[PDB]
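A.B. asks: Sequence, then structure. It's an experimental one.
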Amino acid sequence: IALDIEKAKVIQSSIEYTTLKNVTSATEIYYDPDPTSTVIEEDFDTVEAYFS
Amino acid sequence: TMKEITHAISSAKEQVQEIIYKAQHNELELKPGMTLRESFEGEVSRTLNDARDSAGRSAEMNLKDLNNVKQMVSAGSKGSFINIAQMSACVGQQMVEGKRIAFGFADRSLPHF
Amino acid sequence: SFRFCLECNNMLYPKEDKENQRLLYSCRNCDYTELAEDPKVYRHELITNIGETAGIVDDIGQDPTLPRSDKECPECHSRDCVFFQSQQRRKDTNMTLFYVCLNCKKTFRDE
Ligand SMILES: [Zn+2]
Ligand SMILES: [Zn+2]
């Protein structure tokens, strides 16, 4: 690992601390009274694909 | 030698201008573990330090053996290379708290800029 | 953005009906209740870019301490302009420039 850069980078990634807040960009709260469907149109396709 | 020193300082200032343009167009490489502003400041400071060292080296190479400052520096009794550089070629960059002169006014160092 | 009560000017907190399954903005100081238009109750930006270009005034061309360039205006193609960096002053802030024309007074970049 000391003479190889890729394995060293793998070890570095495995050591460094990473929280959810680091990768998160924005969080939102929405009102949706239908458990099996949704009001948002952008995500409607993906969630209906999941449920089906 | 004064022509050579002036050319070195002008080339360094042109290099600093290029670094400024690159940082102002998002074309600057970021030193790991440091922000964009910190990397820009460090790179400009390194360029200016290299400029002063090059000008001083030119000035110190110019000196004859009969030069008295050279004789004192070569004896090791008083003075060094930086003294010759600042006396003859360039004083260099002034650092306050390990950084260049801050913006004590509103986004400038003096009301003349 | 949050709305205010139309009768006693207090804040309209969101409320949910168990029987009707609707989102309603209701004032807690009275019985007023108005139907909500959007379900976006709350939004938090961990990394935000607001205030970077929001610090702009219409009289910035009269400041004599600002540098003057000759960049081309995208709208009226003027030959004089005034530039400055980002008004946000965090440590992560970019060093990009914002140019202001002396005729249309709009803010535009160089990219
Ligand atoms: Zn009310
Ligand atoms: Zn214009």
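C.D. replies: The structure has been received and is ready for your questions. Numbering: from 1, shown residues only, chains lettered A, B, ... in the order given. Ligands and ions are numbered 1, 2, ... in the order given.
A.B. asks: Spell out which parts of chain B neighbour chain C.
C.D. replies: By C-beta under 8 Å from any C-beta of the partner chain, the residues of chain B that approach chain C are B:23-26, B:35-37, B:40, B:106, B:108, B:111. (C-beta placed from N, C-alpha, C; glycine too.)
A.B. asks: try 10 Å this time
C.D. replies: Chain B comes close to chain C at residues B:20, B:22-26, B:28, B:35-38, B:40, B:105-108, B:111, B:113, as judged by C-beta under 10 Å from any C-beta of the partner chain.
A.B. asks: The residues you listed, buried ones only, as a ChimeraX selection?
C.D. replies: Only the buried members of those end up in this ChimeraX selection, burial being decided by 16 or more other C-beta atoms under 10 Å in any protein chain shown:
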select /B:23,24,28,36,40
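A.B. asks: okay, now the domains of chain C?
C.D. replies: Domain ranges of chain C: C:1-44, C:45-111, per CATH domains of a matching chain.
A.B. asks: Show me the helices in the chain, by range?
C.D. replies: If you meant another chain, say so; for now it's chain A. Under the criterion DSSP state H, helices of chain A are mapped to A:5-15, A:20-23, A:44-51.
A.B. asks: that's the other chain; I wanted chain B
C.D. replies: Ranges of helices in chain B, per DSSP H, are B:2-23, B:36-62, B:68-75, B:81-88.
A.B. asks: you'd agree residue C:74 is up against residue C:108?
C.D. replies: Yes. If you go by C-beta atoms under 10 Å, residue C:74 and residue C:108 touch, sitting 5.4 Å apart.
A.B. asks: Out of the domains of chain C, which gets nearest to ligand 2?
C.D. replies: Among the domains of chain C, domain C:45-111 comes nearest to ligand 2, with 2.9 Å by C-beta to the ion.
A.B. asks: re earlier: tabulate the helices of chain A in TSV, adding columns for distance to ligand 2 and mean neighbour count.
C.D. replies: As requested, the helices of chain A are exported to TSV (distance: least, C-beta to the ion, whole Å; neighbours: other C-beta atoms under 10 Å in any protein chain shown):
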stretch	distance to ligand 2	mean neighbour count
helix A:5-15	48	10
helix A:20-23	41	8
helix A:44-51	43	10
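A.B. asks: I'd like a version of the ones you listed in CSV, one that adds distance to chain C as further columns.
C.D. replies: Below are the helices of chain A laid out as CSV (distance: least, C-beta to the nearest C-beta, whole Å):
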stretch, distance to chain C
helix A:5-15, 22
helix A:20-23, 7
helix A:44-51, 13
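A.B. asks: Including distance to residue C:4, could those helices go into a markdown table?
C.D. replies: As requested, the helices of chain A are arranged in a markdown table below (distance: least, C-beta to C-beta, whole Å):
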| stretch | distance to residue C:4 |
| --- | --- |
| helix A:5-15 | 49 |
| helix A:20-23 | 33 |
| helix A:44-51 | 32 |
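A.B. asks: Please consider this matter closed, and thank you.
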